[PDB]
Amino acid sequence: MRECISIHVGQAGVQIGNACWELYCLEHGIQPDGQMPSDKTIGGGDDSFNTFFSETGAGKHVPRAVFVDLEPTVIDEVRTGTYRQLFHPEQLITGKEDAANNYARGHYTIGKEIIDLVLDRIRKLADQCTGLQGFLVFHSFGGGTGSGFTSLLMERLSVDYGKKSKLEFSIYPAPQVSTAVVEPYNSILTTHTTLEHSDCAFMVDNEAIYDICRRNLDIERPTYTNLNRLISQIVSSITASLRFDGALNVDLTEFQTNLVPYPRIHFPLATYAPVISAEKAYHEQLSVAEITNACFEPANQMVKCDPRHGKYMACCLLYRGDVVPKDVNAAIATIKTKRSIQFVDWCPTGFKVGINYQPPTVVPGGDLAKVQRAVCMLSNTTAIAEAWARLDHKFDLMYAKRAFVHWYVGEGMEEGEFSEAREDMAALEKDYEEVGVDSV
Amino acid sequence: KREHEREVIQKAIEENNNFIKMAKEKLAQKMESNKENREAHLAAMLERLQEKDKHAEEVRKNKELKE
Amino acid sequence: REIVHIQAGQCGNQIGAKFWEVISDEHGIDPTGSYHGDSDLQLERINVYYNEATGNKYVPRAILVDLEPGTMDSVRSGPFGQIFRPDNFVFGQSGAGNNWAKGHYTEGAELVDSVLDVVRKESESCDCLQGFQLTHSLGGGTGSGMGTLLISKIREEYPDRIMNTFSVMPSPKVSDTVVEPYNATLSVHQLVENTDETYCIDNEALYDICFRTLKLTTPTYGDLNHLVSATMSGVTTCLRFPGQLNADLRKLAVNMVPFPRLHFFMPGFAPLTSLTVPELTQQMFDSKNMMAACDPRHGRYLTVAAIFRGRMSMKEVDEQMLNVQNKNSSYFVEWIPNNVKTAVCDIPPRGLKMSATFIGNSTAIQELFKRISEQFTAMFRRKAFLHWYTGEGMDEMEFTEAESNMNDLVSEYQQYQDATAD
Ligand SMILES: Nc1nc2c(ncn2[C@@H]2O[C@H](COP(=O)(O)OP(=O)(O)OP(=O)(O)O)[C@@H](O)[C@H]2O)c(=O)[nH]1
Ligand SMILES: Nc1nc2c(ncn2[C@@H]2O[C@H](COP(=O)(O)OP(=O)(O)O)[C@@H](O)[C@H]2O)c(=O)[nH]1
Ligand SMILES: [Ca+2]
Ligand SMILES: [Mg+2]
Ligand SMILES: [Mg+2]
Ligand SMILES: [Mg+2]
């Protein structure tokens, strides 16, 4: 009961998937062959970790996950790497030819050829669930598969699973590690087509993660591996309430009630602390107050924007590790007596808190210090729309001259789809302005 | 009150079904239109290429009516 | 995945031969087709350009074409000459005589179907064909006229694959053959419609580099060709080795070609053999390092791909790539954000600790086309040598049409050069 199915789409989706599932395994005591000695009920159970792992009679704990990509070389690494026994082969699905950084090929030309198979395999996961809660979909905005195949899949999932919850982890593009000039097109197309099919979406700005790696972990030139390890800690923090139990534990769905005041306003800002090197963490114990303080430092946000220049509609603090409410409450009181935390006039200002007692883990050979306590803040702030503004502007620059548009038109798309997607984005930025204006 | 309770849940059903139905139909429209557009793009390419052929035969034929 | 290589005519087969010798060495393949390298990175994407035969042998997926049998005897006797598949040699007996019409409409057309049979055999065995690359000159007769015929013929049968060319532009500094501007313009006319991406390998630039920079009093085709193979290796590195950026022909095109007709790239290389990352970077953007004789400060960049090779600091590469963009901002169009992409590959070319290859889509490429056009018109307005072409069946109209299309291409590169964001 309460199963969650993860779907990792395209390179970014898949590689972030690798990092998350490795991390989950370590958090839960699951070996790379899928065995979990601590689990005494063989071949099934209703433990909290079962929301993310099914079990075979032979004692294997198998991620409720599908990996999909239109070319094979990234998933081939999963097939042949360290956690290859973790996954049944049918959970890892590949085409022969990718979307070539083109939303149209991901959604139509190439995507249409593998979509029924993907849904077949997701259906196989669903049928093993006694109370499926919904899906978590991981993907880039910028890639052809991450953008166009994800959109197609989300549209088909609404049809096939009705209103079952769909949450995204969406990788927003940064010039430091982007690989296509047309990513702004792909980002707007997929955001427009997915918007009505997603209940909640956590954007991860590659530039924010890149900066955090450079600045807080002293990594000269971060690789995807560096980025993904940090992303996985954040993803882990958000899903921990689903995977562990606890008296002070608060379900992600409960935070969602507070995070989403209107269906379209469904993009929380995540902020994570502490991100600190082993070198800096040694003999330096960061207190509940210190990590909570860090949540209101914009440098620690997963999306670049300035909440101090916007308005809050919700603030949620998801703690893990050695943390009790007394200390949280005191930390919050201080922060209120000293910060630019302004709420819209129609929302209560109380911070919503959950605590999972299981301490954070790190992957061997990684950059993050192992710490006793960590926190992820999820806020609903009007400032997140800055990310849409930056992207919409880049789209406008190119689209005005119709730069690269022939690549999409050649794959069957119409200019009408571009203008329609861009207008939806204009309306979304307007939605974020409106919700911040005072009541009359 | 019971009548109203019955109407609320039937309303919730109707709207969810209508959402499914409309998602389903919008997708079929987009995929149909995309298929036709692409095919028409490829057809125009081939026709242009086949006029090139047409034109090269016409050229060899003119060389012959010159010799 | 798989690329199919076609080389047509003398130039095409010559620079084609060097290309295979050079990348074979890079991938640790010897003249017999056996691998004898030291790194698994050499073999990972080997199937992009090589077929694997029995005996752990690697056979370039390469097709060798000419209306003149001589060239493919010299090929067959070159160092890696025994590496090519015997059945993949398709030669006529006639010659083209630098007559584009012969290559395109008559002689070449007589031989084209046998070439297709070979392309089909190679394409059918591909797991997932990416597309094609063709090497040829535009000034001769076979490479230019038959080469462009092949393109259109292949496109009819593989309309959804990428067509890429390495096209050698003629220069009076290298060849006195008077009609070359006719052959080049007629070619460009074809390329503008039927290729997805063309590398402009300009003999004018090659000579000038060899003469001025390398201080070679008398450049041979050998000398020119050393530049060509170095460039060709560089601009194909992202296709042949594991990596993120432009790793296939379609992703390259999607990054580099914002308007379908504007697909003529200016390649560049550093160092040009009197070295730091800043120094590498500055030179790869210098006109003196361009393989097309055009000054990029006479226009603007639509898009750029930079490829660094060797052991070096990626941090420094990133900072220097940011530096050149900032300091030269005027020369990149503002209405294509982030239009410069950079790749770094660990494996340096033979004989270098590090190198940089440059691929620019610059509106300054019009200087190349204007130069051909000037030489075309000097002749066409005196109907000089036309009977060669009318004699094979062509008419003057096609000449006029080719000239107008090329003139249009120039106007289009100028249009985007003048465009602004506001
Ligand atoms: N954080 C992070 N970003 C990634 C990773 N891999 C790719 N990206 C980003 O994702 C975008 C590119 O999309 P991809 O996921 O690689 O492409 P794709 O979904 O496989 O689509 P196609 O290759 O076009 O079929 C760029 O913005 C990259 O910087 C990754 O492992 N981690
Ligand atoms: N860079 C270079 N150019 C060449 C080479 N061989 C011929 N060319 C050029 O190609 C043009 C003549 O075409 P060519 O290839 O010889 O005739 P074809 O055999 O009919 O294709 C002239 O402009 C020559 O300078 C070569 O090895 N290298
Ligand atoms: Ca169990
Ligand atoms: Mg991909
Ligand atoms: Mg010749
Ligand atoms: Mg010659």
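Residue numbers begin at 1 in each chain, while the letters A, B, ... track the order of the sequences. Below, each value reflects all heavy atoms present in this structure, side chains not excepted, and no hydrogens, waters or symmetry copies. Every number for a ligand or one of its atoms is a count from 1 in the order of the listing.
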Please state whether the separation between the Ca ion (ligand 3) and some N/O/S atom of A/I42 is under 3.0 Å?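 Of the N, O and S atoms in A/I42, none lies under 3.0 Å from the Ca ion (ligand 3), which means no.
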Taking 3.0 Å as the cut-off, does an N/O/S atom of A/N50 lie below it from the Ca ion (ligand 3)?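 Under 3.0 Å: A/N50 has no N, O or S contact with the Ca ion (ligand 3).
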Is there a side-chain contact between [X] and [Y] in this structure, where contact means two heavy atoms from C-beta onward sitting under 4.5 Å apart?
X: A/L86; Y: A/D33; answer: no
X: A/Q358; Y: A/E27; answer: yes
X: A/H28; Y: A/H61; answer: no
X: A/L167; Y: A/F135; answer: no

Is the closest N or O pair between A/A99 and ligand 1 shorter than 3.5 Å? yes
Before signing off on this row, confirm whether A/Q15 and ligand 1 have an N or O atom pair separated by under 3.5 Å.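 Yes, there is a polar N/O contact under 3.5 Å.
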List every atom of ligand 1 that sits less than 4.0 Å from any heavy atom of [X], numbering the atoms from 1 in the order shown and giving each element.
X: A/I231; answer: 1 (N)
X: A/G144; answer: 21 (O), 22 (P), 24 (O)
X: A/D69; answer: 20 (O)

[X]/[Y] ion pair, N-O < 4.0 Å:
X: C/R1; Y: C/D127; result: yes
X: A/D211; Y: A/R214; result: yes
X: A/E183; Y: A/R390; result: no
X: A/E411; Y: B/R38; result: yes

Given [options], identify the one with the heavy atom nearest to [atom].
atom: atom 25 (O) of ligand 1; options: A/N228, A/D205, A/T145; result: A/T145
atom: atom 15 (O) of ligand 1; options: A/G17, A/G10, A/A12, A/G143; result: A/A12
atom: atom 1 (N) of ligand 1; options: A/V204, A/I110, A/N206, A/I209; result: A/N206
atom: atom 26 (C) of ligand 1; options: A/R229, C/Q244, A/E183, A/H8; result: A/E183
atom: atom 23 (O) of ligand 1; options: C/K251, A/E71, A/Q11; result: C/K251

So is A/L70 touching ligand 1 or not, going by heavy atoms under 4.0 Å? no
Looking at ligand 1, does A/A100 have a heavy atom less than 4.0 Å from it?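 In this structure, A/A100 qualifies as a contact of ligand 1 - some heavy atom is under 4.0 Å.
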If you have a sec, read the angle at the Ca ion (ligand 3) from A/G44 atom O over to A/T41 atom O, to 10 degrees.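 About 80°, to the nearest ten degrees.
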How large, to 10°, is the angle at the Ca ion (ligand 3) when you draw lines to OE2 on A/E55 and to OD2 on A/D39? 80°
Can you name the nearest heavy-atom pair linking C/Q244 to A/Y224, along with the distance? OE1-CE1, 3.6 Å
Looking at [atom], what's its closest protein heavy atom, distance included?
atom: atom 19 (O) of ligand 1; answer: A/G146 N, 2.8 Å
atom: atom 10 (O) of ligand 1; answer: A/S140 CB, 3.3 Å
atom: atom 4 (C) of ligand 1; answer: A/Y224 CE2, 3.3 Å
atom: atom 24 (O) of ligand 1; answer: A/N101 N, 2.7 Å
atom: atom 29 (O) of ligand 1; answer: A/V177 O, 2.7 Å

Is there a donor-acceptor contact under 3.5 Å from the side chain of A/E71 to the main chain of A/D98?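 A pair under 3.5 Å: no.
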Judged by atom type as modelled, is there a donor-acceptor pair below 3.5 Å linking the side chain of A/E3 to the main-chain atoms of A/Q128?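 No.
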Is it true that, when you exclude A/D46 itself, more than 12 heavy atoms of the residues, nucleotides or ligands shown sit nearer than 6.0 Å to its CG?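 No, CG of A/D46 has 12 or fewer neighbouring heavy atoms, counting only those of other groups under 6.0 Å.
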Mark yes when over 12 heavy atoms from residues, nucleotides or ligands other than C/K18 sit less than 6.0 Å from its NZ; otherwise mark no.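 For C/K18, atom NZ is not crowded (no more than 12 foreign heavy atoms under 6.0 Å).
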